[PDB]
Ligand SMILES: Cn1cnc2c1c(=O)n(CCCn1c(=O)c3c(ncn3C)n(C)c1=O)c(=O)n2C
Ligand SMILES: Cn1cnc2c1c(=O)n(CCCn1c(=O)c3c(ncn3C)n(C)c1=O)c(=O)n2C
Ligand SMILES: [Co+2]
């Protein structure tokens with residue numbers, strides 16, 4: 001019933017996030033892992049944010065050379081699922097910077113239909129389990145903010161038809177998901193990211209129709225206070241503090257959930273949000289709004305500047321303020337950076353707002369103020385979820401969590417899992433794969449002299465590359481490459497004592513002789529259309545194949561990741 005959902009930005013892997021590779025995600029603590037994000041143009045074609053990150057980076061895996069088709073985050077997500085079958089993996093489309101083309105795509109049925117088709121192919125080739133639509137937001141006119149993000153599309157083509165068209169798009173997605181799930185024998189899910197505030201909901205979100213279609217919906221109950229306002233507040237508070245002024249009324253988890261429910265949202269489908277980062281203001285004066293919470297709801301002075309010189313009350317960020325690359329002063333520090341934050345903003349004292357169940361940091365002399373989630377407030381959100389029969393918690397984002405006793409970033413993720421689920425292992429799911437089109441031939445080679453015999457074996461990858469566009473052709477290529485092939489041969493009364501180039505080495509494992517092509521640089525990625533032809537040595541000469549029972553192959557993403565997709569490619573009759 002419950003979910004623990006996590007966003008992983010593709011830019012986690014670069015220096016700005018400390019080079020955080022998916023193998024250090026605590027996948028056994030999550031039910032759902034969202035790849036953030038895939039883009040798409042006005043014609044419904046998928047578009048990578050960063051091709052290398054998605055399909056090529058080695059991600060710290062020994063024996064992956066940059067660009068090898070088994071590289072990239074999307075393949076690493078498959079490995080996380082194999083190593084942690086509690087996990088479902090999924091793709092988030094859109095986000096704040098890549099929602100610019102939803103309006104046009106949703107308005108036109110033929111384009112909606114092409115977009116859906118492209119998404120279905122994408123999750124087929126990546127073996128993903130769900131689609132997450134992050135249209136942020138329908139009905140909401142927004143211009144790109146190129147100071148914050150040179151790559152921001154905004155939502156400049158927003159209109160009042162978005163609300164209705166969004167439902168059509170979700171209907172088309174869920175129908176296609178239904179159909180492809182039955183074809184592949186798997187269960188797909190559809191989720192969406194939703195806004196916290198009434199005003200955006202009224203413009204873009206037909207609540208009761210939406211919750212009738214989706215499997216669950218993630219409410220973005222964070223970024224609810226920030227440097228865009230000159231009043232300090234909680235950005236991700238569980239409860240509305242009674243002393244909150246008009247701008248922050250309704251802008252808490254509890255109030256947003258109550259609003260969605262009142263509009264027909266089913267409780268079990270509602271997932272609430274936790275922020276793994278701060279927002280904050282440079283100089284907040286205590287107006288005494290709540291003497292029990294000094295500096296909360298106080299007045300922030302407009303004393304700093306954005307990287308385009310716009311005056312702002314926002315505090316400095318963890319990352320340097322660069323025009324087009326985090327250009328707005330927003331007091332944004334990762335949760336794993338709270339000690340860095342305290343070293344830069346000295347004199348911060350830690351306060352707990354027991355009415356909001358939210359922490360904040362405030363220096364009452366300088367005025368500096370930061371709002372965030374900690375272990376305690378995550379536990380309170382989980383308590384609330386359990387008690388209101390809600391659907392779980394979602395976090396933004398994985399790379400900002402702190403480490404504890406290993407290289408995994410897992411302090412808050414482990415707090416969230418354990419408060420939602422207890423200490424027990426998460427439920428595990430079956431993982432299915434589509435068998436590849438692999439054939440083979442086995443021919444005795446007559447030995448007239450010497451000791452032993454020989455079997456000449458051929459294995460052919462008959463896959464064929466079909467797809468167009470960068471995104472679908474790269475993920476198709478990866479899916480249609482046979483990776484680290486192991487050949488399992490069962491015999492009746494005959495030993496395979498050796499193999500010759502270009503085979504990999506032979507070993508005996510239980511009843512099987514095993515040829516390991518992952519151990520051969522030339523053997524470990526077998527491209528669509530390639531044949532491997534090679535000799536096997538036998539302890540006795542043969543004239544037929546009656547002594548061979550069966551030949552199977554399995555794959556691995558990396559030499560040291562789990563075997564998957566074991567399939568029979570030859571059998572004796
Ligand atoms: C705090 N937060 C909470 N919800 C969020 C965010 C957030 O920052 N972004 C905006 C994130 C933009 N972005 C980047 O900044 C980014 C990037 N690739 C490299 N960078 C450097 N991508 C793919 C991306 O989308 C979101 O889209 N959402 C939903
Ligand atoms: C001026 N203003 C007044 N009230 C506001 C805002 C505002 O900008 N944001 C937005 C804060 C989160 N956020 C962003 O930071 C953001 C964004 N798109 C690009 N950016 C960089 N979106 C879609 C978004 O939601 C709000 O959440 N509220 C309540
Ligand atoms: Co309803």
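For each of 73, 494, 515, 105, count neighbouring Cβ atoms within 10 Å of the residue's Cβ, then give the residues from fewest to most.
On the way: 73 24, 494 18, 515 27, 105 21.
The fewest-first ordering by Cβ neighbours comes to 494, 105, 73, 515.
Counting DSSP beta bridges with both partners in the range 249-398, what percentage is antiparallel, nearest 5? Present the calculation step by step, with values, prior to reporting the outcome.
On the way: 18 of 23 bridges.
Antiparallel bridges: around 80 percent, rounded to the nearest 5.
Quick one: work out the % antiparallel among DSSP beta bridges in the range 438-571, nearest 5. Numbers along the way, then the final one.
Numbers: 41 of 41 bridges.
Once the DSSP bridges in the range 438-571 are tallied, antiparallel ones form about 100 percent.
Which whole-angstrom value gives the distance between the alpha carbon centres of the range 482-535 and the range 237-286?
The range 482-535 and the range 237-286 have Cα centres separated by 58 Å.
State, to one decimal in nm², a quarter of the convex hull surface area for the C-alpha atoms of the range 31-164, i.e. the direction-averaged projected area. Numbers along the way, then the final one.
Values: hull surface 36.2 nm².
Average of the hull's projected areas for the range 31-164 equals 9.1 nm².
Within a 10 angstrom radius of the beta carbon, how do 228, 281 rank from fewest other beta carbons to most?
On the way: 228 12, 281 34.
Fewest-to-most ranking of 228, 281: 228, 281.
Which order do 333, 11 fall in if you start with the one that has the fewest other Cβ atoms within 10 Å? If you can, show how the numbers build up before the last one.
Values: 333 27, 11 16.
Least to most surrounded, the residues fall as 11, 333.
Could you give the nm distance between label points at residue 287 and residue 468, where each point is 7 Å from its Cα heading toward the beta carbon?
The answer from the label model is 5.9 nm.
What nm distance separates the two modelled labels at residue 198 and residue 309, each placed 7 Å from Cα along Cα→Cβ?
Each label point is offset 7 Å from its Cα along the Cβ direction, giving 4.1 nm.
Suppose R0 equals 22 Å. What FRET efficiency, 1/(1 + (r/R0)^6) with r the Cβ-Cβ distance, do residue 319 and residue 249 give to the nearest 0.05? Numbers along the way, then the final one.
Numbers: r = 32 Å, r/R0 = 1.44.
After rounding to 0.05, the efficiency reads 0.10.
Give the average over all directions of the projected area of the C-alpha convex hull of the range 348-444, one decimal, in nm². Display every interim value, and only then the final one.
Details: hull surface 50.5 nm².
Over every viewing direction, the Cα hull of the range 348-444 projects on average to 12.6 nm².
What order do you get for 418-430, 367-379 when each peptide is scored by the mean count of other beta carbon atoms within 10 Å, highest first?
Values: 418-430: 12.9, 367-379: 23.2.
Averaged packing, sorted descending, gives the order 367-379, 418-430.
Any chance you could tell me what percent of the C-alpha pair distances in the range 397-497 go past 23 Å? Spell out each step's value before the answer.
On the way: 3228 of 5050 pairs.
In whole percent, the long-distance tail amounts to 64.
In whole Å, what are the Cα extents of the chain along the three principal axes, biggest one first?
100, 51, 46
Figure the gain on full extension for residue 113 and residue 1 (residue separation times 0.36 nm, minus the Cα-Cα span) and round it to one decimal in nm. Walk me through the intermediate numbers first.
On the way: separation 112, 0.36 × 112 = 40.32 nm, distance 3.13 nm.
Full-extension gain reported as 37.2 nm.
Could you let me know the centre-to-centre spacing of the range 126-201 and the range 419-473, using Cα atoms, in angstrom?
Here the two parts' Cα centres lie 35 Å apart.
Contour minus end-to-end for residue 500 and residue 339, with contour as 0.36 nm per residue of separation and end-to-end as the Cα-Cα distance? Could you put the intermediate results ahead of the total?
Values: separation 161, 0.36 × 161 = 57.96 nm, distance 5.80 nm.
This chain segment gains 52.2 nm when fully extended.
Relative to the longest principal axis of the chain, what angle (0 to 90°, nearest 10) does the C-alpha long axis of helix 109-125 take?
60 degrees
Using a simple spin-label model with points 7 Å from Cα along the Cα→Cβ vector, what separation in nm is obtained for residue 182 and residue 539?
Here the answer is 5.3 nm between the modelled labels.
Can you give the FRET efficiency to the nearest 0.05 for residue 405 and residue 168, using r as the Cβ-Cβ distance and R₀ = 45 Å?
Here the calculated transfer efficiency is 0.40.
How much length is gained if the chain between residue 258 and residue 559 is pulled fully straight, taking 0.36 nm per residue apart and subtracting their Cα-Cα distance, in nm to one decimal? Let's see the in-between values first.
On the way: separation 301, 0.36 × 301 = 108.36 nm, distance 4.96 nm.
Length gained between residue 258 and residue 559: 103.4 nm.
Sort largest first and round to whole Å: the equivalent ellipsoid semi-axes of the range 438-571, each the square root of five times a Cα gyration tensor eigenvalue.
Details: eigenvalues 173, 43, 32 Å².
Largest first, the range 438-571 gives 29, 15, 13 Å.
Cβ: placed from backbone, ideal geometry, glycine included. Neighbour counts: every protein chain shown. Every read-out reported here was derived from the displayed coordinates using simple, explicitly stated rules and does not represent laboratory data.
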